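Ideal geometry is used to build each Cβ from the backbone, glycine not excepted, and the neighbour counts take in all protein chains shown. Every number in this text was worked out from the coordinates using simple rules, so none of it is lab data.
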Amino acid sequence: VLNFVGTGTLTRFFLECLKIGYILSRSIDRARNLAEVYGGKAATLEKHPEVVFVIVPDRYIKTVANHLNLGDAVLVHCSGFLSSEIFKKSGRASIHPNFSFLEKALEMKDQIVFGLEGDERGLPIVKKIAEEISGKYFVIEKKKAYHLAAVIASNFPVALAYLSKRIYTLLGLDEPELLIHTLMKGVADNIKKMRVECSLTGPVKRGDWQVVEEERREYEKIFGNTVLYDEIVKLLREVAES
Amino acid sequence: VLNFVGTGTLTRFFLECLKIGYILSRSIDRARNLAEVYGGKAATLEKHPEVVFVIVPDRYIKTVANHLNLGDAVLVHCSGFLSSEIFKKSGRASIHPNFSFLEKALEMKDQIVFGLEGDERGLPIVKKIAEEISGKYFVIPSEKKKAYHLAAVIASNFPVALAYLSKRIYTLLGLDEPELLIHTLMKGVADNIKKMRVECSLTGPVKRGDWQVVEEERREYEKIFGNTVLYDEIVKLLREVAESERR
Ligand SMILES: NC(=O)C1=CN([C@@H]2O[C@H](COP(=O)(O)OP(=O)(O)OC[C@H]3O[C@@H](n4cnc5c(N)ncnc54)[C@H](OP(=O)(O)O)[C@@H]3O)[C@@H](O)[C@H]2O)C=CC1
Ligand SMILES: NC(=O)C1=CN([C@@H]2O[C@H](COP(=O)(O)OP(=O)(O)OC[C@H]3O[C@@H](n4cnc5c(N)ncnc54)[C@H](OP(=O)(O)O)[C@@H]3O)[C@@H](O)[C@H]2O)C=CC1
C-alpha cells in the first residue's frame, strides 16, 4: 500500500509506474491534485498510514519522517547520499533512481538503474519496487561516492551546457539550446558506444596545443579566469592518454 | 556551381544533398569514384576550377588552397576553428556543420545548425546552402570563430571529463558496465536541454540547497581525486544556474 509524502515529480514518476495509500504534501491542494490522477488521499496533517516514501529535499527527509510517526509501515527514501538508517527504526530502505527529473523523459524507466540498501524488511521491498520498473539495480557505506558519481554525471554537465550557452548567447545565437543539445547528446551516446577512453575527440585529443592555448585566452576573456578550463584539459589528457 | 577538394566523408555529404564540376583528391581513383557517384573529374594536378569547397584537415586548408591556383571562384572551408580569412582572397567564406560524420546518420540533416562566416559576397553563397540543407544557422564575425569553437568544445569534449570522473568512481565501487549507467545519467540531461532552457535542467542537491551533501560530497571528492578544484568550480556555477531561476 505505497504511501508517498512528497508532492512534486518523482513521486509522480513512481505513482505513474506502481499504480496506493496516502499522498501527502504541505498543502492538500497539491496532494489532492495528484491522488486524483493516480488515486489516494492527502495532508501533512493526515491520517495514520502503514511503505512510506518521503520524497522531499535531503535535509528534510529525516525530520519530515520523525514527525508523522504512525501506523506500522516500512520507511523509505530516494536520496542516494543518505542511508535509511537515518530513520533509525524498523524496516528501513533507500531507493535511488540514477536519473534527473522532465517527468516525460523519465518515462523511459527500463533504462534507469537503482541504488538499493536497507535492512530486514526494507531491502527486499525496494528490490521488488526496483524490479517492477526497470531491470536491475545495485546495492551499497559507499553511499557517498556512489552518489557523488551521479552528481558529476547528471548535475555537473549542466555547468558545461550553461558555460557553452553563455558564450553562444554573447555570439548572437538567440536560442542555442537546440545546438548545445545536439552536441551534448552526441557525447552522451558516444560515451556509451565507445567506453570513455576511446570516446574522446577535439583539440587536446589530437595535439593541436596551439588551439588549446589560444582557447585558454578566449576562455579567460569571456569569463574571468581559466580554472575550470585548465581543470577539464588536465582531465581530458588523462582520458586522451588511455 | 560546386567543385570540391578532398574526398572526405564530409564532401560525400554536401554532394549527396545538393545534386557539380571537378572533385580533387591526391588519388585519381578516389576523385574518380565520387565523380562516378555524383559527377565531376579529378587530380590535384587538376584542370582549372572556378566555388571551391576545401574540405580537408584544418591543417592543410590554407596551403592546399594556395596550391589550387584557379580563377574566379569563391573559396570556403568547414573548419570549426579556422576562419575563412585564412584564405586571404576577395571571395571567401566558412561553413561549419555542428555534427559528427556515420554517413547516413546524416539523415539527421534537417537538424544541423550551421556556423557560417564568409566574405561580403562569399557569405550569401554559404548562407544559401545552409538554408537548403537545413534552415538552421547563424553568421558570426571572422574575429569570433575561436570563441564559437571554444563553445563547441565545452559542449562536445568537456563532458567526457565528467564521464571519466564518474566511471572512475563506479569502478572503485566495482560496477559492471559503468558507461551504461553514465549514459543514462547524462542523456537525461542531454535531451531535456532540447525541450527546455539549459538552466531549467539542473536538478541536483545544490539546486535543492542541500548544502549538507554539497559539502560532504566535496570532502568525498577530495578523498577520491586528491583535490577539489574541479568540484568547487562546477558547484560555484551550478549555485549560479540555480539562483538565476530565483528570479
Ligand atoms: N533531483 C535529483 O537530481 C534527484 C533527487 N532524488 C532524491 O529525491 C528526493 C527529493 O528530490 P527533488 O526532486 O529535489 O525534490 P523537490 O525539491 O522538487 O521536492 C518538492 C517536494 O518536497 C517537499 N518539500 C519542500 N520543502 C519542504 C520542507 N521544508 N519540508 C517538507 N517537505 C518539503 C514539497 O512540499 P509540497 O508538496 O508541500 O510543496 C514537495 O513535496 C531527495 O531525497 C533526493 O536525494 C533522486 C533522484 C534524483
Ligand atoms: N569530421 C567532422 O565531423 C567535421 C569536419 N569539419 C571540417 O571539415 C574539414 C575536413 O575535416 P575532416 O573530417 O578531418 O577530414 P578527413 O580527414 O576525412 O578528410 C580527408 C580528405 O582530406 C584530404 N587530405 C588529408 N590530408 C591531406 C594532405 N596532407 N594534403 C591534401 N589533402 C589531404 C584527403 O585526401 P584525398 O583527397 O587525397 O583522399 C581527403 O580527401 C576541416 O576543415 C574540419 O574542420 C567540420 C565539421 C565536422
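Please list, ordered by chain and number, the residues whose modelled amide H lies under 5 Å from the amide H of A:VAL113; skip anything fewer than 5 residues away on the same chain.
Amide H to amide H, under 5 Å and 5 or more residues apart or across chains, A:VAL113 pairs with A:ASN98.
³J(HN,Hα) across region B:131-138 via Karplus (A = 6.51, B = -1.76, C = 1.60, θ = phi - 60°), whole Hz, x for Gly/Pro?
With the stated coefficients, region B:131-138 comes to 4, 6, 2, 6, x, 10, 5, 6 Hz.
Given the rule -39500 (n - 2.57) for each run of at least 4 DSSP H residues, summed and divided by the residues of the protein assembly as shown, what is its mean residue ellipticity at 222 nm, to the nearest 500 deg cm²/dmol?
-14000 deg cm²/dmol
So which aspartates and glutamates pass the test for B:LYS236, namely a Cα distance under 18 Å, with those fewer than 8 places away in the same chain ruled out?
Reachable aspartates and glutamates: A:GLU220, A:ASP230, A:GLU231, B:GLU199, B:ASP210, B:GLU215, B:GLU216, B:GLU217, B:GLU220, B:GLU222, B:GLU245.
Local charge sum around A:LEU2 (other residues, Cβ-Cβ under 14 Å, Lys/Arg +1, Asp/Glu -1)?
Net local charge, A:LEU2 excluded: +1.
A:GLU50 label point, 7 Å along Cα→Cβ, cut-off 15 Å on backbone N: hits in region A:84-110?
The answer is A:90-91.
Go ahead and run the numbers for FRET between A:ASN66 and A:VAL227, Cβ-Cβ distance against an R0 of 35 Å, rounding to 0.05.
Taking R0 as 35 Å, the efficiency between A:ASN66 and A:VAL227 is 0.25.
Using a Förster radius of 30 Å, what is the FRET efficiency between B:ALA105 and A:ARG206 based on their Cβ-Cβ separation? Nearest 0.05, please.
According to the calculation, E is roughly 0.85.
Can you give the net charge of the other residues whose Cβ lies under 13 Å from the Cβ of A:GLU215, counting K and R as +1 and D and E as -1?
For residues surrounding A:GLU215, the net value is 0.
Under a crude label model (7 Å from the Cα following the beta-carbon direction), how far is B:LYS127 from A:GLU241 in nanometres?
My value for the distance between the label points is 4.7 nm.
Which FRET efficiency, nearest 0.05, do B:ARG218 and B:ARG26 yield, Cβ-Cβ r, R0 56 Å?
Efficiency, rounded to the nearest 0.05: 0.55.
For region A:51-205, what proportion of DSSP beta bridges, expressed in % and rounded to the nearest 5, is antiparallel?
Given both bridge residues lie in region A:51-205, the antiparallel proportion sits at roughly 35 percent.
What does the charge add up to near A:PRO49, with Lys and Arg as +1, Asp and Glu as -1, over the other residues with Cβ less than 12 Å from its Cβ?
Residues close to A:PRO49 contribute a combined charge of -1.
So what is the relative contact order of region A:173-242, in percent, for Cα pairs below 8 Å that sit 6 or more residues apart?
Taking the mean separation of contacting Cα pairs over the length of region A:173-242, I get 33 percent.
What pairs in A:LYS192/B:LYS136; A:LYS136/B:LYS223; B:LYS89/B:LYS127; A:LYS143/B:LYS187 have C-alpha atoms more than 25 Å from each other?
In this structure, A:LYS192/B:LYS136; A:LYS136/B:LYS223 exceed 25 Å between Cα atoms.
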